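File shown: work_26.cif (mmCIF, C-alpha atoms).
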```
data_run
loop_
_atom_site.label_atom_id
_atom_site.label_comp_id
_atom_site.auth_asym_id
_atom_site.auth_seq_id
_atom_site.Cartn_x
_atom_site.Cartn_y
_atom_site.Cartn_z
CA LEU A 549 -3.79 18.74 -9.14
CA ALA A 550 -4.16 17.36 -5.60
CA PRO A 551 -5.23 13.85 -6.75
CA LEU A 552 -2.00 13.43 -8.72
CA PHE A 553 0.17 14.98 -5.98
CA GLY A 554 -0.02 12.00 -3.66
CA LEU A 555 1.85 11.21 -0.47
CA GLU A 556 4.79 9.62 -2.29
CA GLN A 557 5.39 12.67 -4.49
CA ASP A 558 5.26 15.01 -1.49
CA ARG A 559 7.72 12.83 0.41
CA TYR A 560 10.03 12.73 -2.61
CA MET A 561 9.95 16.53 -2.90
CA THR A 562 10.70 16.93 0.81
CA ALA A 563 13.53 14.40 0.52
CA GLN A 564 14.99 16.35 -2.41
CA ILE A 565 14.84 19.57 -0.39
CA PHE A 566 16.55 17.87 2.54
CA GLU A 567 19.24 16.37 0.30
CA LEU A 568 19.81 19.92 -0.91
CA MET A 569 20.26 21.01 2.73
CA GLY A 570 19.50 18.17 5.18
CA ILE A 571 21.45 15.31 3.57
CA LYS A 572 20.25 12.97 6.33
CA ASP A 573 16.48 12.60 6.75
CA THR A 574 15.77 9.19 8.30
CA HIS A 575 17.70 10.17 11.45
CA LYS A 576 14.51 11.55 13.04
CA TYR A 577 10.70 11.34 12.96
CA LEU A 578 10.75 11.23 9.15
CA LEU A 579 9.86 7.68 8.14
CA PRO A 580 10.66 6.03 4.78
CA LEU A 581 7.59 5.31 2.68
CA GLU A 582 8.58 1.64 2.52
CA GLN A 583 8.02 1.15 6.26
CA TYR A 584 4.97 3.43 6.38
CA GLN A 585 1.58 1.86 7.12
CA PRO A 586 -1.88 3.44 6.93
CA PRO A 587 -3.12 4.91 10.23
CA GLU A 588 -5.61 2.86 12.21
CA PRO A 589 -9.11 4.41 12.10
CA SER A 590 -10.14 6.13 15.31
CA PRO A 591 -13.23 5.02 17.28
CA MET A 592 -14.82 8.45 16.87
CA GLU A 593 -15.23 8.22 13.09
CA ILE A 594 -16.41 4.61 13.36
CA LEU A 595 -19.14 5.51 15.85
CA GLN A 596 -20.13 8.56 13.79
CA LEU A 597 -20.55 6.33 10.74
CA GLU A 598 -22.57 3.88 12.85
CA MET A 599 -24.82 6.72 14.05
CA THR A 600 -25.37 7.90 10.47
CA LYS A 601 -26.24 4.35 9.42
CA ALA A 602 -28.65 4.08 12.34
CA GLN A 603 -30.31 7.37 11.38
CA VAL A 604 -30.80 6.36 7.75
CA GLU A 605 -32.15 2.99 8.90
CA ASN A 606 -34.55 4.85 11.19
CA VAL A 607 -35.75 6.93 8.23
CA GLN A 608 -36.32 3.74 6.25
CA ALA A 609 -38.16 2.23 9.22
CA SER A 610 -40.38 5.31 9.45
CA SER A 611 -41.29 4.96 5.78
CA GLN A 612 -42.01 1.26 6.32
CA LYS A 613 -44.21 2.14 9.30
CA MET A 614 -46.11 4.67 7.20
CA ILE A 615 -46.87 2.11 4.49
CA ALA A 616 -47.67 -0.58 7.06
CA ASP A 617 -50.18 1.60 8.89
CA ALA A 618 -51.75 2.60 5.56
CA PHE A 619 -52.24 -1.09 4.77
CA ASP A 620 -53.58 -1.70 8.28
CA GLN A 621 -56.12 1.10 7.86
CA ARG A 622 -57.22 -0.35 4.52
CA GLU A 623 -57.65 -3.80 6.07
CA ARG A 624 -59.56 -2.38 9.04
CA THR A 625 -61.93 -0.50 6.73
CA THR A 626 -62.52 -3.65 4.68
CA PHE A 627 -63.21 -5.68 7.83
CA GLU A 628 -65.60 -3.01 9.11
CA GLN A 629 -67.50 -3.06 5.81
CA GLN A 630 -67.73 -6.86 5.86
CA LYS A 631 -68.91 -6.90 9.48
CA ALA A 632 -71.52 -4.23 8.75
CA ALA A 633 -72.84 -6.25 5.81
CA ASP A 634 -72.97 -9.42 7.91
CA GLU A 635 -74.77 -7.62 10.74
CA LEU A 636 -77.31 -6.17 8.30
CA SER A 637 -77.94 -9.63 6.85
CA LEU A 638 -78.39 -11.12 10.32
CA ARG A 639 -80.75 -8.33 11.35
CA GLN A 640 -82.87 -8.82 8.22
CA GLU A 641 -82.99 -12.58 8.79
CA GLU A 642 -84.02 -12.15 12.43
CA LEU A 643 -86.68 -9.59 11.51
CA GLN A 644 -88.15 -11.91 8.88
CA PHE A 645 -88.06 -14.88 11.27
CA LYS A 646 -89.83 -13.03 14.07
CA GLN A 647 -92.40 -11.55 11.67
CA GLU A 648 -93.17 -15.04 10.35
CA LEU B 549 3.25 14.19 5.16
CA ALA B 550 1.94 14.26 8.75
CA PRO B 551 1.45 10.46 8.97
CA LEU B 552 5.13 9.86 8.21
CA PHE B 553 6.32 12.71 10.48
CA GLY B 554 5.62 10.88 13.72
CA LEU B 555 6.52 11.73 17.29
CA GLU B 556 9.94 10.09 17.09
CA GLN B 557 10.99 12.10 14.03
CA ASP B 558 9.85 15.37 15.62
CA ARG B 559 11.76 14.56 18.81
CA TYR B 560 14.86 13.69 16.77
CA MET B 561 14.66 17.00 14.89
CA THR B 562 14.26 18.94 18.15
CA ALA B 563 17.20 17.03 19.65
CA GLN B 564 19.33 17.90 16.62
CA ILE B 565 18.42 21.58 16.98
CA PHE B 566 19.29 21.47 20.68
CA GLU B 567 22.59 19.71 20.02
CA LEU B 568 23.29 22.55 17.60
CA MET B 569 22.59 25.03 20.42
CA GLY B 570 21.31 23.29 23.58
CA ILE B 571 23.80 20.41 23.85
CA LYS B 572 21.98 19.16 26.96
CA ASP B 573 18.28 18.34 26.57
CA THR B 574 17.34 15.73 29.19
CA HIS B 575 18.20 18.18 31.99
CA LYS B 576 14.62 19.49 32.02
CA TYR B 577 11.02 18.61 31.11
CA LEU B 578 12.18 17.04 27.84
CA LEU B 579 11.83 13.28 28.24
CA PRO B 580 13.67 10.62 26.21
CA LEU B 581 11.40 8.62 23.93
CA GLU B 582 12.60 5.41 25.58
CA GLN B 583 10.99 6.32 28.92
CA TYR B 584 7.91 7.91 27.32
CA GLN B 585 4.56 6.18 27.80
CA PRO B 586 1.22 6.95 26.13
CA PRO B 587 -1.02 9.34 28.08
CA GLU B 588 -3.86 7.83 30.07
CA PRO B 589 -7.25 8.58 28.47
CA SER B 590 -9.27 11.21 30.30
CA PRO B 591 -12.73 10.44 31.73
CA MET B 592 -14.33 13.11 29.53
CA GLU B 593 -13.59 11.36 26.24
CA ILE B 594 -14.60 8.00 27.70
CA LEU B 595 -17.98 9.31 28.83
CA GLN B 596 -18.50 11.10 25.51
CA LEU B 597 -17.88 7.81 23.69
CA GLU B 598 -20.29 6.08 26.07
CA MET B 599 -22.94 8.71 25.37
CA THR B 600 -22.48 8.30 21.61
CA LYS B 601 -22.81 4.52 21.98
CA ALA B 602 -25.96 5.00 24.06
CA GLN B 603 -27.44 7.32 21.43
CA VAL B 604 -26.78 4.90 18.57
CA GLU B 605 -28.22 2.07 20.67
CA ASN B 606 -31.29 4.23 21.30
CA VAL B 607 -31.68 4.75 17.54
CA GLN B 608 -31.47 0.99 17.02
CA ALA B 609 -34.01 0.46 19.80
CA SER B 610 -36.37 2.96 18.16
CA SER B 611 -36.14 1.05 14.88
CA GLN B 612 -36.78 -2.21 16.75
CA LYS B 613 -39.80 -0.63 18.44
CA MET B 614 -41.14 0.51 15.07
CA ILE B 615 -40.92 -2.99 13.60
CA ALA B 616 -42.29 -4.56 16.79
CA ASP B 617 -45.35 -2.31 16.85
CA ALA B 618 -45.93 -2.98 13.15
CA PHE B 619 -45.95 -6.71 13.90
CA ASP B 620 -48.23 -6.12 16.89
CA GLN B 621 -50.69 -4.19 14.72
CA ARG B 622 -50.68 -6.99 12.15
CA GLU B 623 -51.34 -9.58 14.86
CA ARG B 624 -54.12 -7.47 16.38
CA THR B 625 -55.80 -7.09 12.99
CA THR B 626 -55.60 -10.84 12.40
CA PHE B 627 -57.06 -11.57 15.84
CA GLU B 628 -59.87 -9.07 15.24
CA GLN B 629 -60.71 -10.72 11.92
CA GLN B 630 -60.73 -14.18 13.51
CA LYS B 631 -62.92 -13.01 16.41
CA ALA B 632 -65.34 -11.33 14.00
CA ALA B 633 -65.62 -14.53 11.96
CA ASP B 634 -66.19 -16.60 15.10
CA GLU B 635 -68.84 -14.18 16.38
CA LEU B 636 -70.63 -14.26 13.02
CA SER B 637 -70.61 -18.07 13.06
CA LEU B 638 -71.97 -18.14 16.61
CA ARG B 639 -74.69 -15.62 15.75
CA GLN B 640 -75.76 -17.65 12.71
CA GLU B 641 -75.83 -20.85 14.77
CA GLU B 642 -77.91 -19.22 17.52
CA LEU B 643 -80.32 -17.73 14.98
CA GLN B 644 -80.82 -21.10 13.31
CA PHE B 645 -81.27 -22.85 16.67
CA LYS B 646 -83.89 -20.38 17.90
CA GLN B 647 -85.72 -20.43 14.56
CA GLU B 648 -85.87 -24.23 14.69
#
```

Structure translated into structure tokens:
Amino acid sequence: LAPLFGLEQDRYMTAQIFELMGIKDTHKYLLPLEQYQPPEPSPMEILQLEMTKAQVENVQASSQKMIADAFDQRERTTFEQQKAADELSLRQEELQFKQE
Amino acid sequence: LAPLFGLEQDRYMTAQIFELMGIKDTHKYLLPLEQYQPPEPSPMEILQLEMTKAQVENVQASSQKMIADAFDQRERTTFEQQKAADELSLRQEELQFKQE
């Protein structure tokens, strides 16, 4: 039942209890809900959220690096195969030329 | 109800209790809210916040380094391909020249 029992209901119950005994409630720290404003977030939680975001971004970057290096290895293998074929062709051509 | 029950309300409640028994309250450590000022932050929390900021910045720098090295690998592969093509062209030209 916590979701239904919000701040306003708790304040109303406390005010009823006070009216039963403490007729006056606004005289002290107790603040009417009308003038209440949400607390300002603290820097600690903000920086913790930023650190979590940075960590998840780092995980994503690591995955991106994995895929990128896989692609780089594929490209390097293809280039090596092409260069080997070209070198073989050049060697055959030179051999034939010198034999002629 | 903690957000509504601020410092002023707590001080007012304590003052009411004292007036019920301890008519005089300002005679000792108790300080009127008018003259109260927020406590000065301690160096420990400041340096902890600085360390957290440094750590998140280091995470961001690690991500930047990952992307930068990925780009560097791409550029190196492109340069290697271009140099291989140029070397093949030069070898073919030299072979044709010497055969002629």

Chain A contacts on chain B, only C-alpha atoms, 6 Å, as JSON, numbers by chain:
{"B": [552, 553, 554, 556, 557, 558, 560, 561, 604, 611]}

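Note that the spacing between CA of residue 565 in chain A and CA of residue 549 in chain B amounts to 13.9 Å.
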
Quick one: distance from CA of residue 564 in chain A to CA of residue 550 in chain B in Å, one decimal?
17.3 Å

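Separating CA of residue 597 in chain B from CA of residue 590 in chain A is a distance of 11.5 Å.
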
From the block you just saw, export range 622-642 of chain A: N, CA and C atoms, as a PDB file, in the first residue's frame.
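Written file, selection.pdb:
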```pdb
ATOM      1  N   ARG A 622      39.937  -8.964 -40.686  1.00  0.00           N
ATOM      2  CA  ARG A 622      39.439  -9.461 -41.966  1.00  0.00           C
ATOM      3  C   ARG A 622      40.061  -8.691 -43.126  1.00  0.00           C
ATOM      4  N   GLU A 623      40.093  -7.360 -43.018  1.00  0.00           N
ATOM      5  CA  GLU A 623      40.664  -6.544 -44.085  1.00  0.00           C
ATOM      6  C   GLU A 623      42.149  -6.831 -44.264  1.00  0.00           C
ATOM      7  N   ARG A 624      42.879  -6.994 -43.159  1.00  0.00           N
ATOM      8  CA  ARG A 624      44.302  -7.292 -43.251  1.00  0.00           C
ATOM      9  C   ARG A 624      44.538  -8.635 -43.925  1.00  0.00           C
ATOM     10  N   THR A 625      43.730  -9.643 -43.588  1.00  0.00           N
ATOM     11  CA  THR A 625      43.868 -10.940 -44.243  1.00  0.00           C
ATOM     12  C   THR A 625      43.590 -10.832 -45.737  1.00  0.00           C
ATOM     13  N   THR A 626      42.548 -10.085 -46.111  1.00  0.00           N
ATOM     14  CA  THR A 626      42.245  -9.916 -47.530  1.00  0.00           C
ATOM     15  C   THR A 626      43.389  -9.215 -48.255  1.00  0.00           C
ATOM     16  N   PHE A 627      43.940  -8.161 -47.649  1.00  0.00           N
ATOM     17  CA  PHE A 627      45.056  -7.453 -48.265  1.00  0.00           C
ATOM     18  C   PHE A 627      46.273  -8.355 -48.396  1.00  0.00           C
ATOM     19  N   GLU A 628      46.543  -9.174 -47.378  1.00  0.00           N
ATOM     20  CA  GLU A 628      47.669 -10.097 -47.457  1.00  0.00           C
ATOM     21  C   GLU A 628      47.477 -11.095 -48.590  1.00  0.00           C
ATOM     22  N   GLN A 629      46.263 -11.629 -48.737  1.00  0.00           N
ATOM     23  CA  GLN A 629      46.002 -12.554 -49.837  1.00  0.00           C
ATOM     24  C   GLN A 629      46.211 -11.874 -51.186  1.00  0.00           C
ATOM     25  N   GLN A 630      45.693 -10.652 -51.338  1.00  0.00           N
ATOM     26  CA  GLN A 630      45.849  -9.943 -52.604  1.00  0.00           C
ATOM     27  C   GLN A 630      47.318  -9.669 -52.906  1.00  0.00           C
ATOM     28  N   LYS A 631      48.077  -9.237 -51.898  1.00  0.00           N
ATOM     29  CA  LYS A 631      49.493  -8.958 -52.102  1.00  0.00           C
ATOM     30  C   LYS A 631      50.259 -10.228 -52.446  1.00  0.00           C
ATOM     31  N   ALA A 632      49.920 -11.347 -51.803  1.00  0.00           N
ATOM     32  CA  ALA A 632      50.572 -12.608 -52.136  1.00  0.00           C
ATOM     33  C   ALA A 632      50.286 -13.004 -53.578  1.00  0.00           C
ATOM     34  N   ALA A 633      49.033 -12.863 -54.015  1.00  0.00           N
ATOM     35  CA  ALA A 633      48.702 -13.188 -55.399  1.00  0.00           C
ATOM     36  C   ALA A 633      49.464 -12.293 -56.370  1.00  0.00           C
ATOM     37  N   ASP A 634      49.526 -10.992 -56.076  1.00  0.00           N
ATOM     38  CA  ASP A 634      50.245 -10.072 -56.952  1.00  0.00           C
ATOM     39  C   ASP A 634      51.728 -10.413 -57.008  1.00  0.00           C
ATOM     40  N   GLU A 635      52.324 -10.736 -55.858  1.00  0.00           N
ATOM     41  CA  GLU A 635      53.738 -11.089 -55.833  1.00  0.00           C
ATOM     42  C   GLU A 635      53.995 -12.365 -56.620  1.00  0.00           C
ATOM     43  N   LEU A 636      53.108 -13.354 -56.493  1.00  0.00           N
ATOM     44  CA  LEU A 636      53.262 -14.578 -57.274  1.00  0.00           C
ATOM     45  C   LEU A 636      53.182 -14.287 -58.766  1.00  0.00           C
ATOM     46  N   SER A 637      52.228 -13.447 -59.174  1.00  0.00           N
ATOM     47  CA  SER A 637      52.116 -13.096 -60.587  1.00  0.00           C
ATOM     48  C   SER A 637      53.379 -12.397 -61.078  1.00  0.00           C
ATOM     49  N   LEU A 638      53.895 -11.450 -60.292  1.00  0.00           N
ATOM     50  CA  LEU A 638      55.108 -10.741 -60.687  1.00  0.00           C
ATOM     51  C   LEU A 638      56.294 -11.690 -60.781  1.00  0.00           C
ATOM     52  N   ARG A 639      56.415 -12.617 -59.828  1.00  0.00           N
ATOM     53  CA  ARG A 639      57.515 -13.572 -59.861  1.00  0.00           C
ATOM     54  C   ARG A 639      57.429 -14.461 -61.093  1.00  0.00           C
ATOM     55  N   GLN A 640      56.227 -14.943 -61.421  1.00  0.00           N
ATOM     56  CA  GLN A 640      56.068 -15.752 -62.625  1.00  0.00           C
ATOM     57  C   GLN A 640      56.432 -14.957 -63.872  1.00  0.00           C
ATOM     58  N   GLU A 641      55.976 -13.705 -63.952  1.00  0.00           N
ATOM     59  CA  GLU A 641      56.288 -12.884 -65.116  1.00  0.00           C
ATOM     60  C   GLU A 641      57.791 -12.672 -65.248  1.00  0.00           C
ATOM     61  N   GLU A 642      58.464 -12.365 -64.137  1.00  0.00           N
ATOM     62  CA  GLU A 642      59.906 -12.146 -64.183  1.00  0.00           C
ATOM     63  C   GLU A 642      60.641 -13.421 -64.575  1.00  0.00           C
TER      64      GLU A 642
END
```
